[PDB]
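Protein chains in written order, with the deposited numbering: chain C, 1 to 48; chain C', 1 to 180, 187 to 235; chain C'', 1 to 48; chain B, 28 to 44, 52 to 136, 148 to 246; chain B', 28 to 44, 52 to 136, 148 to 246; chain A, 75 to 207, 226 to 297; chain A', 75 to 207, 226 to 297. A prime marks a further copy of an entry chain.
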Amino acid sequence: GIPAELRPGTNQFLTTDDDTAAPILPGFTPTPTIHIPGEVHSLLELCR
Amino acid sequence: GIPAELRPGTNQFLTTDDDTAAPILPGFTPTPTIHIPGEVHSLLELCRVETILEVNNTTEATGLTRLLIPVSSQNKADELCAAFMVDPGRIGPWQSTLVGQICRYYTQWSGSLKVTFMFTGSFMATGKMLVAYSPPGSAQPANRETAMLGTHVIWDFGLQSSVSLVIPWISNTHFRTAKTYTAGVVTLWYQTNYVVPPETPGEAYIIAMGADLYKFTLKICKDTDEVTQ
Amino acid sequence: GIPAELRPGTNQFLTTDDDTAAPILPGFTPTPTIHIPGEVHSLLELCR
Amino acid sequence: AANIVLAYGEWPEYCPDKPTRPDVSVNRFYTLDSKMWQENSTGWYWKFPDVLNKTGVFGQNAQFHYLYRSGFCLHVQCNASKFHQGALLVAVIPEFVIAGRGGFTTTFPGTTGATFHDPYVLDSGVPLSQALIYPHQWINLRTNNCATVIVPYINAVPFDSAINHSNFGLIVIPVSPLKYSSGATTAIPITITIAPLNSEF
Amino acid sequence: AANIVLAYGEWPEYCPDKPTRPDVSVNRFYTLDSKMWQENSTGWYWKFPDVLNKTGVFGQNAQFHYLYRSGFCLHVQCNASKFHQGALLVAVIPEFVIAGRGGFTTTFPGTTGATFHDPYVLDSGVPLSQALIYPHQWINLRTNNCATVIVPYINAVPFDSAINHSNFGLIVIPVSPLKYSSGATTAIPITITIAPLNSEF
Amino acid sequence: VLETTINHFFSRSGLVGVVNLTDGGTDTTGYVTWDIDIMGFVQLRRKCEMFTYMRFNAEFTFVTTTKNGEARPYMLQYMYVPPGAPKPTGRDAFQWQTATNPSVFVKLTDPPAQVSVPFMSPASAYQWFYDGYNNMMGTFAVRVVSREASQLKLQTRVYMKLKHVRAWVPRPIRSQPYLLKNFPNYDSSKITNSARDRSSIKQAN
Amino acid sequence: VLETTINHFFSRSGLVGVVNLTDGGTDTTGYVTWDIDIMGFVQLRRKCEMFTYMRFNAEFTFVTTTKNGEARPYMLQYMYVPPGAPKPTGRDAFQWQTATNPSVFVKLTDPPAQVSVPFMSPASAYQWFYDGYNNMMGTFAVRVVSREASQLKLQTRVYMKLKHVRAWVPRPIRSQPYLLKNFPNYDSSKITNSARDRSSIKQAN
């Protein structure tokens, strides 16, 4: 196979890490979105 | 999945290894940079700044006196004033400089140096000094004559107040190479006797300074023998 | 992450294997080469 | 005779983008009391902005105005006869910090300034031989009696409080002690002049 | 008759880029004392630069000047009647090192040179049969009485100290012993000539 | 020429500190906190003080062993408390569950954990000389993850490595011994000297 | 034709030495240093002496076992001391914490560690013949990482592999036994001969 070497930081769970998780129920299409007024894209929108 | 095989060197932590660590707090934007004057991109930038050699190092001199090369009118022509090694990395009166200090962080160096002298006498005093460089392999000169027989500068502080001498080349090699040392000597000779008019002190000081020319280089990082802990 | 499967031949040290080792002292630039006469590129050069 | 040292090589400038940029009597020549230097002396230092905290209209603008920015023009003169011999090292140390030898007067000496105890170590615990890595000029009575240093604004934040934080300091340390034959004036004065540059409040 | 052996095939040249490149009497023909070779002999060797350390003006320039660079032109002659028979192997060994048989004279024989103890092993512990992988020439009294070898400067560093380091050596070992009918001259001289090439100091 | 660059000068991860954890149930706290300080050991301390202002990112690695050092499959938790956040007061105290404090979970038998901490200051750079009236990077805390206290004794060795270092306004190198942390005090009575002494000034060797 | 190239001739990593470590607490040093020497065993030694000058990079691998050889999860530290640097004087001595000396940390149960050492000389090449008045590559040191000494007995087997080999000025191959390291001595009294002997020169078989 492709030769590789593991590196420190292996097998660690970082609570803030950004990564992908295996979808548990693939092929499932959720309910599509409709238009709800008053979407909020930031807290600064609220602070003001 | 993709077939792979692990390889020796796996699961090892190499202190000097270059690699990426998982950012612990992603999405955090640090404070952006502003412009601060005097950024430093290399140590060589520092080594090239000349600093004071402490040539008076002795049990006798204590305070700033150790930075001063004493000179008087009591001396006679042709007799030596002061002499010292050129060894930026050894123990001696390079140990007060940046070069002397930075070299402690590296095993091997080489290049050219610069040695500048500054005379503070009375304005009306006058006389000539002989600044001479004996290269490596030879002992310090025995008298002025043999000093005049090699690289040197006749320097009259009556006219010019400061002189710069340039050691052509140095390196630290054979000491470590034979393990698997002398270098240079600079001297100060009275050409004349220090000449003085009436009612002025008749005793002065020379202030030695040293620096690395652009040619100078360093290699093989290490740690200093100075620090205790 | 990227799904992978280990394969036999893993974690083995092959004395003749061709591979890379982690440089222990990176950023170190060795002494550059000069021209020395009589370089030898093969034993056959000697046998002759 | 014009020989001038730009610290680190950057002219003082106004901050890249409202603060006030007053010049009428604000930016002008302030001259301190002169220091009388003698054979046995140690040498002196000053703290900026502190030294000006009570002066003129600047000390007033130094008051209030919790945000402060400026550069300076420092001129140092020495009046000495041709029969005096000695030398002064004039340096400028950012974030100059006096340590304990084991007070606010040491941190904020005021207009008069303060004198060193152990100049060899700068009273920072640092070798004076290396003090030359700072913007500096020699005053050697054999040649020049005056030195001039231009300091831009140097800080890690664009603005700060002039009262509670002194940005840097100025240092005159005699390296070679004053020497004179008897009958000459026994104490040589040193004059200090501060011209603010591009002050903001 | 011109038959010349370039060692490794490179003409001596000046170093790729101040050192001195003197030629007046510096580069010229130096001729040693002649070695008288006899039936029972072993053979000889020389060390360079060493052999010239005290000679002429070169030994003077060999003195001081802790950096040294040069090539050489080596000519070796043998004066023998048509009634003498024998052969000499003339070789040049870089970094030739004599070992112990279990001294500085062995390492630095000087102008006269030195003689082998066990030539079969070269007194390096190395087979003489293989000595031919070195720039070399045969002197066979049946044909040629003279050999000439050109040696460039060979070292792992562009410059070195001629005093404490001998770069290489020269070796004349009789392979076939000298033989002559009675009444002929019983000892044949060998002459050595060294011409420096592209010397630097 | 490369080895002289500031960035190469602060590289080469090394040990910035050691803390001993013990799980004694009640008698022992069962956890340890270690404040982030570059200046703990004087080697690097002397090198950071060469400059007035610096900016960089930190990379840490935790080497941990049990007494004699034999390793066993226990779970550990390294939580990072950002500046201006409360530290865990107890083994099981609720700060360990605070989501804003990032944590990493690793079995003790695994290769050591690495973490990268970015530049945390409100100012544009760190400064180890402030004349007036510091630079808190954060804190790490460690415990063993179990319901019941598992009797165990640990020491963790924190190896830190700087990245993307930038410096400003160099200083002179300290010639006097450090009396204490956080202040540049020096003995006034005894003063060490830059260079050693020799017989006479007129003699070199 | 490929197998005759100099580079292929010095390839094929092999054992350059073995050192035995024992952790006896006080009675045993608890660590080992091994200076880097190509010439320890005479197989490769005879091959390096075939050439006057050589240049290359070194690649090392550490195989380690415990006595009978069963492996257990202990942490080990291989530190590399560059030339002209002090070696550890003791198990816990402060040189182990020196950042300029690179170290690698690995659990004993893991596959062996590899390290690449570049060309270290000040000159342009290594030379094993210097006539006048060597070639220190460095040193490795090993210990067990623990607070308390863990009673254990180890041997490490160092397998080294050259890379990017270049040679100059070939030599003849030594026909006489090596008396001692670092010097080309030979017995003068007894001298081995290149070829064996036969009955008569006029007879071949």
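Virtual Cβ for every residue (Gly too), placed ideally from N, Cα, C.
I need the straight-line Cα distance from C''/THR10 to C/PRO3, nearest angstrom please.
The residue labelled residue 10 of chain C'' in the question sits at position 10 within the third sequence. The residue labelled residue 3 of chain C in the question sits at position 3 within the first sequence. Distance between the alpha carbons of C''/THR10 and C/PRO3 is about 9 Å.
Go ahead and label B/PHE106 buried or exposed: buried means 16 or more other beta carbons lie within 10 angstroms of its beta carbon, across all protein chains shown.
Stepping through the fourth sequence from its first residue, residue 106 of chain B is reached at position 72. By the neighbour-count rule (16 or more Cβ atoms within 10 Å), B/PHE106 is buried.
Alpha carbon of B/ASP57 to alpha carbon of B/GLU245, nearest angstrom
Residue mapping note: residue 57 of chain B aligns to position 23 of the fourth sequence, counting from 1. Residue mapping note: residue 245 of chain B aligns to position 200 of the fourth sequence, counting from 1. Computed Cα separation, rounded: 10 Å.
Can you name the residues that DSSP bridges to B/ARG103?
Looking up residue 103 of chain B in the fourth sequence gives position 69. Answer is B/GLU245.
Within 9 Å (strictly less), CB to CB, does A/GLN295 reach chain C?
Here the question's residue 295 of chain A lines up with position 203 in the sixth sequence. Chain C contact via Cβ: absent.
For B'/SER211 and B'/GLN119, I'd like the C-alpha separation in whole angstroms.
As a working note, residue 211 of chain B' is residue 166 in the fifth sequence. As a working note, residue 119 of chain B' is residue 85 in the fifth sequence. About 34 Å.
Spatial neighbours of C'/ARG144 within its chain, please: CB distance less than 7 Å, with the 5 preceding and 5 following residues excluded, ordered by chain position.
The count along the second sequence starts at 1 and reaches residue 144 of chain C' at position 144. Only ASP78, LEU130 and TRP195 meet the Cβ criterion.
Cβ pair C'/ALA214, C'/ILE52 closer than 9 Å
Residue 214 of chain C' sits at position 208 when you count from the first residue of the second sequence. Residue 52 of chain C' sits at position 52 when you count from the first residue of the second sequence. With respect to the 9 Å criterion, C'/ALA214 and C'/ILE52 are classified as neighbours on the basis of their beta carbons.
State the DSSP-derived secondary structure class of C'/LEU219, mapped to helix, strand or coil.
On the second sequence, position 213 is the one that residue 219 of chain C' refers to. Three-state DSSP puts C'/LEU219 in coil, outside helix and strand.
Against chain B, which members of the region 106 to 123 of chain A pass a CB distance test of less than 8 Å?
Across the region 106 to 123 of chain A, no CB contact with chain B closer than 8 Å is found for any residue.
Using a beta-carbon distance below 9 Å, is A/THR135 in contact with chain C?
Counted from its first residue, the sixth sequence places residue 135 of chain A at position 61. Chain C, which has a Cβ nearer than 9 Å to the Cβ of A/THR135, makes this yes.
Give the list of continuous beta strand (DSSP E) stretches no shorter than 3 residues that lie fully inside the region 119 to 181 of chain A'.
125 to 139, 149 to 155 and 177 to 181
Would you verify that the beta carbon of A/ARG129 is, or is not, closer than 9 Å to some beta carbon of chain C'?
Walking along the sixth sequence from the start, residue 129 of chain A turns up at place 55. Yes, contact with chain C'.
C-beta atoms of B'/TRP183 and B'/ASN190 nearer than 9 Å
As a working mapping, residue 183 of chain B' is identified with position 138 in the fifth sequence. As a working mapping, residue 190 of chain B' is identified with position 145 in the fifth sequence. Not in contact: B'/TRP183 and B'/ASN190 (Cβ atoms no closer than 9 Å).
B'/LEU223: first and last residue of the uninterrupted beta strand (DSSP E) it sits in:
Taking the fifth sequence and counting its residues from 1, the one referred to as residue 223 of chain B' is at position 178. Under the DSSP assignment, B'/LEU223 falls in the beta strand (DSSP E) whose first and last residues are 213 to 224.
Selected residue, minimal CA-CA separation from B/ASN113, among B/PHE149, B/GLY148 and B/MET70:
The count along the fourth sequence starts at 1 and reaches residue 113 of chain B at position 79. Looking at the Cα atoms, B/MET70 is the closest of the given residues.
Mind checking if C/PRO3 is an interface residue toward chain A, Cβ cutoff 9 Å exclusive?
Here the question's residue 3 of chain C lines up with position 3 in the first sequence. False, the Cβ-Cβ gap to chain A never drops below 9 Å.
Count the other CB atoms within 10 Å of the CB of B'/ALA201; is the residue buried (16 or more) or exposed (fewer)?
The residue you call residue 201 of chain B' lines up with position 156 of the fifth sequence. The residue in question, B'/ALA201, is buried, as its Cβ has 16 or more Cβ neighbours within 10 Å.
How would you write the range of the beta strand (DSSP E) that B'/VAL124 sits in, first residue to last?
The residue you call residue 124 of chain B' lines up with position 90 of the fifth sequence. From DSSP, the beta strand (DSSP E) with B'/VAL124 extends over 119 to 128.
Cα separation between C'/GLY137 and C'/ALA189?
As a working note, residue 137 of chain C' is residue 137 in the second sequence. As a working note, residue 189 of chain C' is residue 183 in the second sequence. Rounded to whole angstroms, C'/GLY137 to C'/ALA189 spans 7 Å at the Cα level.
Can you give me the start and stop residues for the alpha helix (DSSP H) that C'/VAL99 sits inside?
Stepping through the second sequence from its first residue, residue 99 of chain C' is reached at position 99. Start and end: 98 to 103.
Any chance the region 132 to 139 of chain A' sits against the region 238 to 256 of chain A', with 3 or more Cβ pairs inside 8 Å?
yes
Run down chain A' in chain order and give the residues with a C-beta less than 9 Å from the C-beta of C'/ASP229.
Here the question's residue 229 of chain C' lines up with position 223 in the second sequence. Result: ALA159, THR172, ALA173, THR174 and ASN175.
Around the Cβ of A/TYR207, are there at least 16 other Cβ atoms within 10 angstroms (buried) or fewer (exposed)?
Here residue 207 of chain A refers to the residue found at position 133 of the sixth sequence. Answer is exposed; the Cβ neighbour count stays below 16.
So the alpha helix (DSSP H) A'/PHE83 belongs to, where does it begin and stop?
Locating residue 83 of chain A' in the seventh sequence gives position 9, counting from the first residue. Where A'/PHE83 is concerned, the enclosing alpha helix (DSSP H) stretches over 80 to 83.
Please list, in chain order, the chain C' residues whose beta carbon lies closer than 7 Å to that of C/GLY9.
Stepping through the first sequence from its first residue, residue 9 of chain C is reached at position 9. Per Cβ cutoff of 7 Å: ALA21 and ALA22.
Are the region 202 to 221 of chain B and the region 119 to 131 of chain B in contact at 8 Å, needing three or more beta carbon pairs?
Yes: the two stretches touch, three or more of their Cβ pairs being nearer than 8 Å.
Sequence-distant residues of the same chain with beta carbon closer than 6 Å to B/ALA192, five excluded per side
Position 147 of the fourth sequence, counting from 1, holds the residue named residue 192 of chain B. Counting only Cβ-Cβ distances below 6 Å, and skipping sequence neighbours, we find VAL110, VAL124, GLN182 and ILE184.
Going by alpha carbons, who is nearest to B'/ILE31 out of B'/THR152, B'/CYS42 and B'/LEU108?
The sequence position of residue 31 of chain B' within the fifth sequence is 4, counting from 1. Among B'/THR152, B'/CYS42 and B'/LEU108, the Cα nearest to that of B'/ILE31 belongs to B'/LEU108.
Option nearest A/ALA167 by Cα separation, candidates A/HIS82, A/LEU89 and A/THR103
Within the sixth sequence, numbered from 1, the residue matching residue 167 of chain A stands at position 93. It is A/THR103 whose Cα lies nearest to the Cα of A/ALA167.
Between the Cα of B'/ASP67 and those of B'/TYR102, B'/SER115 and B'/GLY155, spot the shortest distance and give me the residue it belongs to.
Working through the fifth sequence from its first residue, we reach residue 67 of chain B' at position 33. The option with the nearest alpha carbon to B'/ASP67 is B'/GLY155.
Would DSSP call A'/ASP101 helix, strand or coil?
Counting from 1 along the seventh sequence, the entry for residue 101 of chain A' is found at position 27. In this structure, A'/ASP101 counts as coil in the three-state DSSP scheme.
Restricting to Cα atoms, I'd like to know which of B/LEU223, B/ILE127, B/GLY90 and B/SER115 is closest to B/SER59.
Start at 1 with the first residue of the fourth sequence, and residue 59 of chain B comes out as number 25. Ranked by Cα distance from B/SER59, the first of B/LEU223, B/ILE127, B/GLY90 and B/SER115 is B/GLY90.
Taking 8 Å as the cut-off, does the region 182 to 202 of chain A touch the region 18 to 36 of chain C' (at least 3 CB pairs, one atom from each stretch)?
yes
Should the region 260 to 275 of chain A be regarded as contacting the region 112 to 123 of chain A, the criterion being three or more beta carbon pairs within less than 8 Å?
As far as the Cβ criterion goes, the region 260 to 275 of chain A touches the region 112 to 123 of chain A, which means the pair count is three or higher.
Say whether chain C places a C-beta atom closer than 9 Å to the C-beta of A/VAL178.
As a position in the sixth sequence, residue 178 of chain A is number 104, starting the count at 1. It does: the Cβ of A/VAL178 has a partner Cβ on chain C nearer than 9 Å.
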